[PDB]
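Shown next: input.cif, containing mmCIF, C-alpha atoms and all ligand atoms.
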```cif
data_coords
#
loop_
_atom_site.label_atom_id
_atom_site.label_comp_id
_atom_site.auth_asym_id
_atom_site.auth_seq_id
_atom_site.Cartn_x
_atom_site.Cartn_y
_atom_site.Cartn_z
CA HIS T 1 0.00 0.00 0.00
CA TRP T 2 1.32 3.49 -0.86
CA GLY T 3 2.70 5.97 1.65
CA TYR T 4 5.34 8.64 2.09
CA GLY T 5 8.35 6.45 2.82
CA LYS T 6 11.39 5.88 0.59
CA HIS T 7 10.01 2.65 -0.82
CA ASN T 8 6.29 3.45 -1.14
CA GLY T 9 6.54 7.20 -1.54
CA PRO T 10 5.60 9.69 -4.34
CA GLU T 11 8.51 8.60 -6.55
CA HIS T 12 6.92 5.13 -6.56
CA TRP T 13 3.23 6.00 -6.95
CA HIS T 14 3.40 6.15 -10.75
CA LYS T 15 3.80 2.36 -10.89
CA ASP T 16 0.35 1.59 -9.45
CA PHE T 17 -1.19 4.82 -10.77
CA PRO T 18 0.33 5.90 -14.13
CA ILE T 19 -1.66 9.13 -14.04
CA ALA T 20 1.00 10.31 -11.57
CA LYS T 21 2.77 11.50 -14.74
CA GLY T 22 -0.28 13.27 -16.16
CA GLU T 23 -0.76 16.78 -17.55
CA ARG T 24 -2.75 18.07 -14.58
CA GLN T 25 -1.09 16.74 -11.43
CA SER T 26 -1.11 18.57 -8.08
CA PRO T 27 0.32 20.24 -6.08
CA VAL T 28 2.23 22.96 -7.95
CA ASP T 29 4.19 26.13 -7.28
CA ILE T 30 2.15 29.31 -7.51
CA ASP T 31 4.24 32.06 -9.10
CA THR T 32 2.57 35.37 -8.28
CA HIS T 33 3.96 36.98 -11.45
CA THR T 34 2.56 34.43 -13.92
CA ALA T 35 -0.79 33.88 -12.20
CA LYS T 36 -2.95 36.59 -13.80
CA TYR T 37 -6.30 38.11 -12.82
CA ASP T 38 -9.42 36.62 -14.44
CA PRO T 39 -12.63 38.72 -14.41
CA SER T 40 -14.83 35.80 -15.52
CA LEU T 41 -14.16 34.55 -11.99
CA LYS T 42 -17.13 35.25 -9.70
CA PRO T 43 -17.11 36.16 -5.98
CA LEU T 44 -16.25 33.09 -3.89
CA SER T 45 -19.22 31.98 -1.78
CA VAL T 46 -18.51 29.82 1.29
CA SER T 47 -21.65 28.71 3.15
CA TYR T 48 -20.67 26.69 6.23
CA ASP T 49 -23.22 27.86 8.82
CA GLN T 50 -25.28 24.71 8.20
CA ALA T 51 -22.28 22.38 8.61
CA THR T 52 -22.86 19.15 10.53
CA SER T 53 -19.61 17.46 11.58
CA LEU T 54 -19.81 13.72 12.18
CA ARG T 55 -16.44 12.24 13.10
CA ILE T 56 -12.64 12.47 12.95
CA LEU T 57 -10.28 9.61 12.02
CA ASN T 58 -6.74 8.47 11.15
CA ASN T 59 -6.55 6.61 7.82
CA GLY T 60 -2.77 6.19 7.92
CA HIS T 61 -2.15 9.04 5.49
CA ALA T 62 -3.41 11.87 7.70
CA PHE T 63 -6.46 12.60 9.85
CA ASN T 64 -9.82 13.51 8.32
CA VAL T 65 -12.88 15.31 9.71
CA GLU T 66 -16.00 14.10 7.90
CA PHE T 67 -19.34 15.88 7.51
CA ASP T 68 -22.90 14.85 6.77
CA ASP T 69 -23.24 15.53 3.05
CA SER T 70 -26.82 14.31 2.54
CA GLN T 71 -28.10 17.87 1.99
CA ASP T 72 -26.77 21.16 0.67
CA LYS T 73 -25.84 22.22 4.21
CA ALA T 74 -22.19 23.31 4.07
CA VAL T 75 -21.53 24.25 0.47
CA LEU T 76 -19.05 26.02 -1.77
CA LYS T 77 -20.03 27.95 -4.88
CA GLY T 78 -19.16 30.99 -6.98
CA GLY T 79 -15.60 31.70 -8.03
CA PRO T 80 -14.68 29.56 -11.09
CA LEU T 81 -17.20 26.92 -10.05
CA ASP T 82 -20.41 25.78 -11.72
CA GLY T 83 -23.39 25.20 -9.46
CA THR T 84 -22.92 23.78 -5.97
CA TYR T 85 -20.19 21.72 -4.29
CA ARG T 86 -20.91 19.99 -0.95
CA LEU T 87 -18.29 19.81 1.79
CA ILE T 88 -17.59 16.21 2.72
CA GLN T 89 -14.37 16.43 4.74
CA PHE T 90 -11.13 18.27 5.42
CA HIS T 91 -7.60 17.18 6.39
CA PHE T 92 -4.06 18.53 6.64
CA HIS T 93 -0.54 17.97 5.34
CA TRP T 94 2.52 18.87 7.45
CA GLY T 95 6.28 18.45 7.80
CA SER T 96 8.94 17.10 10.15
CA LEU T 97 9.98 20.69 10.91
CA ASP T 98 8.27 24.11 10.87
CA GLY T 99 10.07 25.10 7.68
CA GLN T 100 8.23 22.59 5.47
CA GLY T 101 4.80 20.99 5.44
CA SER T 102 2.54 22.47 2.78
CA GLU T 103 2.04 20.86 -0.63
CA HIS T 104 1.62 23.98 -2.77
CA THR T 105 4.23 26.76 -2.67
CA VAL T 106 4.07 30.50 -3.30
CA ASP T 107 6.99 31.80 -5.35
CA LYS T 108 8.89 28.73 -4.07
CA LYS T 109 8.00 29.31 -0.41
CA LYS T 110 6.57 26.47 1.69
CA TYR T 111 4.43 27.08 4.78
CA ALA T 112 4.34 25.04 8.01
CA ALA T 113 1.33 23.03 6.83
CA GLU T 114 -1.69 23.11 4.50
CA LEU T 115 -5.44 22.58 4.97
CA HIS T 116 -7.66 20.86 2.40
CA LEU T 117 -11.43 21.35 2.54
CA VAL T 118 -12.83 18.82 0.07
CA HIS T 119 -16.16 19.26 -1.75
CA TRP T 120 -17.89 17.27 -4.53
CA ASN T 121 -20.02 18.54 -7.45
CA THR T 122 -23.71 17.91 -6.71
CA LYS T 123 -24.55 17.60 -10.41
CA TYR T 124 -22.94 14.11 -10.31
CA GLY T 125 -25.40 13.00 -7.62
CA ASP T 126 -22.76 11.23 -5.53
CA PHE T 127 -19.19 11.46 -4.32
CA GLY T 128 -18.22 8.20 -6.03
CA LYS T 129 -19.21 9.49 -9.47
CA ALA T 130 -17.73 12.93 -8.79
CA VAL T 131 -14.08 11.88 -8.27
CA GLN T 132 -14.15 10.25 -11.72
CA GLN T 133 -15.09 13.49 -13.50
CA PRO T 134 -12.67 16.29 -14.51
CA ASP T 135 -14.80 18.87 -12.65
CA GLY T 136 -16.09 16.52 -9.99
CA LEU T 137 -14.32 18.11 -7.03
CA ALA T 138 -13.41 21.50 -5.62
CA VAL T 139 -10.69 21.65 -2.95
CA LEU T 140 -10.20 24.80 -0.89
CA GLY T 141 -6.55 24.99 0.08
CA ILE T 142 -5.46 27.16 2.98
CA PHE T 143 -1.91 27.68 4.19
CA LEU T 144 -0.97 27.46 7.87
CA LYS T 145 1.82 29.67 9.19
CA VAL T 146 3.24 29.52 12.72
CA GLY T 147 2.41 32.47 14.96
CA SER T 148 -0.67 33.13 17.08
CA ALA T 149 -3.01 30.30 18.01
CA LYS T 150 -6.10 29.60 15.91
CA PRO T 151 -9.02 29.34 18.38
CA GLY T 152 -11.07 27.31 15.90
CA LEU T 153 -8.39 24.61 15.56
CA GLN T 154 -8.33 23.85 19.30
CA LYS T 155 -11.12 21.29 19.14
CA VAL T 156 -9.41 19.35 16.37
CA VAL T 157 -5.93 19.16 17.91
CA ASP T 158 -7.35 18.30 21.35
CA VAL T 159 -8.69 14.99 20.01
CA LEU T 160 -5.60 13.75 18.14
CA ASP T 161 -4.11 11.86 21.10
CA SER T 162 -7.28 9.76 21.03
CA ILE T 163 -6.67 8.64 17.43
CA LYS T 164 -2.89 8.26 17.35
CA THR T 165 -2.80 5.06 15.29
CA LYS T 166 -4.07 4.16 11.82
CA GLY T 167 -7.70 3.05 12.02
CA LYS T 168 -8.71 4.89 15.19
CA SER T 169 -11.87 7.01 14.98
CA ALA T 170 -14.05 9.09 17.27
CA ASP T 171 -17.37 10.97 17.17
CA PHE T 172 -16.74 14.63 16.31
CA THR T 173 -19.91 16.71 16.56
CA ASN T 174 -20.65 20.43 16.31
CA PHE T 175 -17.41 21.50 14.71
CA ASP T 176 -17.80 24.76 12.80
CA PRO T 177 -15.41 24.84 9.79
CA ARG T 178 -15.77 28.63 9.55
CA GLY T 179 -13.26 28.89 12.39
CA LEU T 180 -10.50 27.70 10.05
CA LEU T 181 -10.82 30.41 7.42
CA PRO T 182 -8.63 33.55 7.15
CA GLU T 183 -10.10 37.07 6.91
CA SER T 184 -9.60 37.34 3.16
CA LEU T 185 -11.09 35.13 0.49
CA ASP T 186 -8.66 36.39 -2.18
CA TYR T 187 -7.47 33.34 -4.14
CA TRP T 188 -5.57 31.63 -6.97
CA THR T 189 -7.17 28.85 -8.99
CA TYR T 190 -6.22 26.17 -11.51
CA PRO T 191 -7.28 22.74 -12.82
CA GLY T 192 -5.42 19.87 -11.11
CA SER T 193 -5.64 16.54 -9.23
CA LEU T 194 -5.78 14.69 -5.90
CA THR T 195 -2.34 15.02 -4.30
CA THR T 196 -2.52 11.33 -3.31
CA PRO T 197 -3.26 8.01 -5.10
CA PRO T 198 -5.41 7.39 -7.21
CA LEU T 199 -4.22 10.87 -8.24
CA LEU T 200 -7.28 11.41 -10.47
CA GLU T 201 -7.28 14.76 -12.32
CA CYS T 202 -10.76 15.68 -11.09
CA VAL T 203 -9.94 18.81 -9.04
CA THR T 204 -10.63 22.49 -9.46
CA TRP T 205 -8.09 24.01 -7.07
CA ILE T 206 -8.87 27.15 -5.09
CA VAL T 207 -5.94 28.26 -2.96
CA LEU T 208 -6.40 31.18 -0.59
CA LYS T 209 -3.87 34.00 -0.71
CA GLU T 210 -3.97 34.69 3.02
CA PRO T 211 -2.62 31.99 5.36
CA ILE T 212 -4.24 31.37 8.73
CA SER T 213 -2.02 31.48 11.80
CA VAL T 214 -1.59 28.56 14.19
CA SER T 215 0.61 28.30 17.27
CA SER T 216 3.75 26.20 17.50
CA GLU T 217 2.01 24.15 20.21
CA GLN T 218 -0.88 23.41 17.83
CA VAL T 219 1.21 22.18 14.88
CA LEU T 220 3.30 19.99 17.17
CA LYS T 221 0.15 18.03 18.05
CA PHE T 222 -0.02 16.89 14.40
CA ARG T 223 3.40 15.29 14.81
CA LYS T 224 2.11 12.97 17.54
CA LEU T 225 0.08 10.88 15.09
CA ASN T 226 1.32 7.57 13.67
CA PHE T 227 1.21 6.25 10.11
CA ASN T 228 1.13 2.72 11.62
CA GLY T 229 -1.69 0.73 13.21
CA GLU T 230 -2.01 -0.02 16.93
CA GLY T 231 0.53 -2.47 18.32
CA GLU T 232 2.91 -1.94 15.39
CA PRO T 233 6.31 -0.20 15.56
CA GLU T 234 5.74 3.55 15.68
CA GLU T 235 6.28 5.38 12.38
CA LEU T 236 5.51 9.03 13.10
CA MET T 237 3.12 10.76 10.71
CA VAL T 238 5.25 13.67 9.44
CA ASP T 239 6.07 14.89 5.93
CA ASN T 240 2.85 13.44 4.46
CA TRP T 241 3.08 15.83 1.48
CA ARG T 242 3.70 15.43 -2.26
CA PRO T 243 6.45 17.32 -4.16
CA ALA T 244 5.25 20.02 -6.57
CA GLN T 245 4.43 18.84 -10.10
CA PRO T 246 5.10 20.54 -13.46
CA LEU T 247 2.45 23.08 -14.50
CA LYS T 248 2.69 21.96 -18.10
CA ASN T 249 0.90 24.94 -19.67
CA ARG T 250 -2.16 25.12 -17.36
CA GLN T 251 -3.15 28.65 -16.38
CA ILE T 252 -3.27 29.74 -12.77
CA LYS T 253 -5.71 32.59 -12.37
CA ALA T 254 -6.04 35.06 -9.51
CA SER T 255 -9.25 36.65 -8.25
CA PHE T 256 -7.38 39.84 -7.36
CA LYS T 257 -4.97 42.31 -9.01
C1 LIG T 301 -10.55 14.33 0.31
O1 LIG T 301 -9.65 14.51 -0.78
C2 LIG T 301 -9.02 13.37 -1.13
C3 LIG T 301 -9.83 12.31 -1.47
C4 LIG T 301 -9.29 11.09 -1.83
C5 LIG T 301 -7.81 10.93 -1.82
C6 LIG T 301 -6.99 12.01 -1.47
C7 LIG T 301 -7.54 13.25 -1.13
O2 LIG T 301 -6.73 14.30 -0.75
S1 LIG T 301 -6.32 15.71 -1.51
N1 LIG T 301 -4.90 16.09 -0.88
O3 LIG T 301 -7.27 16.75 -1.22
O4 LIG T 301 -6.16 15.58 -2.92
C8 LIG T 301 -7.21 9.58 -2.21
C9 LIG T 301 -8.22 8.44 -2.02
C10 LIG T 301 -9.53 8.75 -2.74
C11 LIG T 301 -10.22 10.00 -2.18
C12 LIG T 301 -11.35 10.45 -3.11
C13 LIG T 301 -12.42 9.35 -3.21
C14 LIG T 301 -11.81 7.98 -3.54
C15 LIG T 301 -11.44 7.99 -5.03
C16 LIG T 301 -12.71 6.81 -3.16
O5 LIG T 301 -13.74 6.60 -4.12
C17 LIG T 301 -11.75 5.61 -3.05
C18 LIG T 301 -10.35 6.21 -2.74
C19 LIG T 301 -10.64 7.70 -2.61
ZN ZN T 302 -5.17 4.33 1.68
ZN ZN T 303 -4.93 16.91 0.87
#
```
Would you mind writing the file out in C-alpha cells?
Amino acid sequence: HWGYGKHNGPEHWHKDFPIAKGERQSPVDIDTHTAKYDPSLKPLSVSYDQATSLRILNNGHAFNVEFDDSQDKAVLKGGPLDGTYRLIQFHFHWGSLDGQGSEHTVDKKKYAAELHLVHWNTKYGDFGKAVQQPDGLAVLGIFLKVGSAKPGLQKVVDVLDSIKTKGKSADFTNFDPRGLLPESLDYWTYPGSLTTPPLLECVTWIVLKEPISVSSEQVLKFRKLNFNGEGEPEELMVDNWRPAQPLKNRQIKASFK
C-alpha cells in the first residue's frame, strides 16, 4: 500500500497509478507573477453555517474530519465553479519541521502546513461518481503559518491523542469549519488533481492567498500521530506531502490584481 516512505513514496506512486505523470497533477508552485487576474471569476461563496460534523479519524495518510453531506448544508459555490459543491471532509498535510509541510508553494516558499477542505459537485449526484469526473471536485486549500493560536483549531488538535494510530476514529460533533478560514477570500485557482493516489485529475483548485495562523504548540500536536496501526512499531506521521508537479501549460488565475 502506498505511503510517504522511501520505498512506497511519491517517486513510486506512478507504478500503481500511471496518471502520476499526467498533464494536470497537483500540487504545484504558484508564481505570483505568472498567475494573472481573471474577471470571468465570480465572488467566492462559502456557506458553512449549516455544517454538521460527524467524526474524525486516522486513515494512515493523515487525519480527516467528515461531515454529513446528505443535503446542501455546508456548500461552496461561486468563483470559477459551476453550481454547488458539498463539503464532505477536510484534512491537513505537514512536515517534520516548521520550515516545510505544505504541498503547494508561493513563489517557491513552503508554509508550516496546509489545509484541504474537500467538496464534490452535486450535479454528479454522488461522491463516487464525482471523483471520476474532470470537474467533480473542488478543494479549498489554505496555508498554515506559525504564529498566534487559531481558536477554531483547538477542538481538532485536542482529540488527536485519542486517534494516534491508523484506524482509530471518534465521534466529532458540532465542529464549525468557519473557524478555520482567514479574513480574506482572495485566491488563486487552476485545474489539477488529488495530491494522493489514485491521483485522479478531477480537481478544481482554489488556494487562498492569506494563510491562517496557528501556534507552534498546535502544529506539534499533528506530529504525535502515527502512520502505523495499533501495536505496530511507531512510524511518526510527518512529511505526508507530495512534491510540486510541473504546470505543463495550465493557467493559474487570480481573483485579485
Ligand atoms: C478528500 O480529498 C481526497 C480524497 C481522496 C484521496 C486524497 C484526497 O486528498 S487531496 N490532498 O485533497 O487531494 C485519495 C483516495 C480517494 C479519495 C477520493 C475518493 C476515492 C477515489 C474513493 O472513491 C476511493 C479512494 C478515494
Ligand atoms: Zn489508503
Ligand atoms: Zn490533501
With all atoms listed in the file as the atoms that count, which of T:257, T:168, T:93, T:104 lies nearest to ligand ZN 303 (chain T)?
T:93
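Nearest-residue note for ligand LIG 301 (chain T): choosing from T:186, T:68, T:158, T:114, the minimum distance belongs to T:114, counting only C-alpha atoms and all ligand atoms.
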9 Å shell around ligand ZN 303 (chain T) using only C-alpha atoms and all ligand atoms, listed as a PDB file with C-alpha atoms, in the frame of the given file:
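Below is the file that was written, selection_12.pdb:
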```
ATOM      1  CA  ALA T  62      -3.410  11.870   7.700  1.00  0.00           C
ATOM      2  CA  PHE T  90     -11.130  18.270   5.420  1.00  0.00           C
ATOM      3  CA  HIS T  91      -7.600  17.180   6.390  1.00  0.00           C
ATOM      4  CA  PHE T  92      -4.060  18.530   6.640  1.00  0.00           C
ATOM      5  CA  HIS T  93      -0.540  17.970   5.340  1.00  0.00           C
ATOM      6  CA  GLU T 103       2.040  20.860  -0.630  1.00  0.00           C
ATOM      7  CA  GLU T 114      -1.690  23.110   4.500  1.00  0.00           C
ATOM      8  CA  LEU T 115      -5.440  22.580   4.970  1.00  0.00           C
ATOM      9  CA  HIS T 116      -7.660  20.860   2.400  1.00  0.00           C
ATOM     10  CA  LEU T 117     -11.430  21.350   2.540  1.00  0.00           C
ATOM     11  CA  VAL T 118     -12.830  18.820   0.070  1.00  0.00           C
ATOM     12  CA  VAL T 139     -10.690  21.650  -2.950  1.00  0.00           C
ATOM     13  CA  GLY T 141      -6.550  24.990   0.080  1.00  0.00           C
ATOM     14  CA  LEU T 194      -5.780  14.690  -5.900  1.00  0.00           C
ATOM     15  CA  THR T 195      -2.340  15.020  -4.300  1.00  0.00           C
ATOM     16  CA  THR T 196      -2.520  11.330  -3.310  1.00  0.00           C
ATOM     17  CA  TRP T 241       3.080  15.830   1.480  1.00  0.00           C
TER      18      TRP T 241
END
```
If you measure from atom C1 of ligand LIG 301 (chain T) to atom CA of residue T:56, what distance in Å do you get, rounded to one decimal?
12.9 Å
Grab the atom CA of residue T:137 to atom CA of residue T:44 distance for me, in Å with one decimal place.
15.4 Å
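For the choices T:51, T:88, T:74, T:81, the atom-to-atom distance to residue T:126 is smallest for T:88 when using all atoms listed in the file.
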For stretch 95-115 of chain T, write C-alpha atoms out as a JSON list (two decimals), in the first residue's frame.
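Contents of decode_16.json, freshly written:
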```json
[["chain", "number", "residue", "atom", "x", "y", "z"],
["T", 95, "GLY", "CA", 6.28, 18.45, 7.80],
["T", 96, "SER", "CA", 8.94, 17.10, 10.15],
["T", 97, "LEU", "CA", 9.98, 20.69, 10.91],
["T", 98, "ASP", "CA", 8.27, 24.11, 10.87],
["T", 99, "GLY", "CA", 10.07, 25.10, 7.68],
["T", 100, "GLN", "CA", 8.23, 22.59, 5.47],
["T", 101, "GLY", "CA", 4.80, 20.99, 5.44],
["T", 102, "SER", "CA", 2.54, 22.47, 2.78],
["T", 103, "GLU", "CA", 2.04, 20.86, -0.63],
["T", 104, "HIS", "CA", 1.62, 23.98, -2.77],
["T", 105, "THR", "CA", 4.23, 26.76, -2.67],
["T", 106, "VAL", "CA", 4.07, 30.50, -3.30],
["T", 107, "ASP", "CA", 6.99, 31.80, -5.35],
["T", 108, "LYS", "CA", 8.89, 28.73, -4.07],
["T", 109, "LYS", "CA", 8.00, 29.31, -0.41],
["T", 110, "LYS", "CA", 6.57, 26.47, 1.69],
["T", 111, "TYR", "CA", 4.43, 27.08, 4.78],
["T", 112, "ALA", "CA", 4.34, 25.04, 8.01],
["T", 113, "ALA", "CA", 1.33, 23.03, 6.83],
["T", 114, "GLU", "CA", -1.69, 23.11, 4.50],
["T", 115, "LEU", "CA", -5.44, 22.58, 4.97]]
```
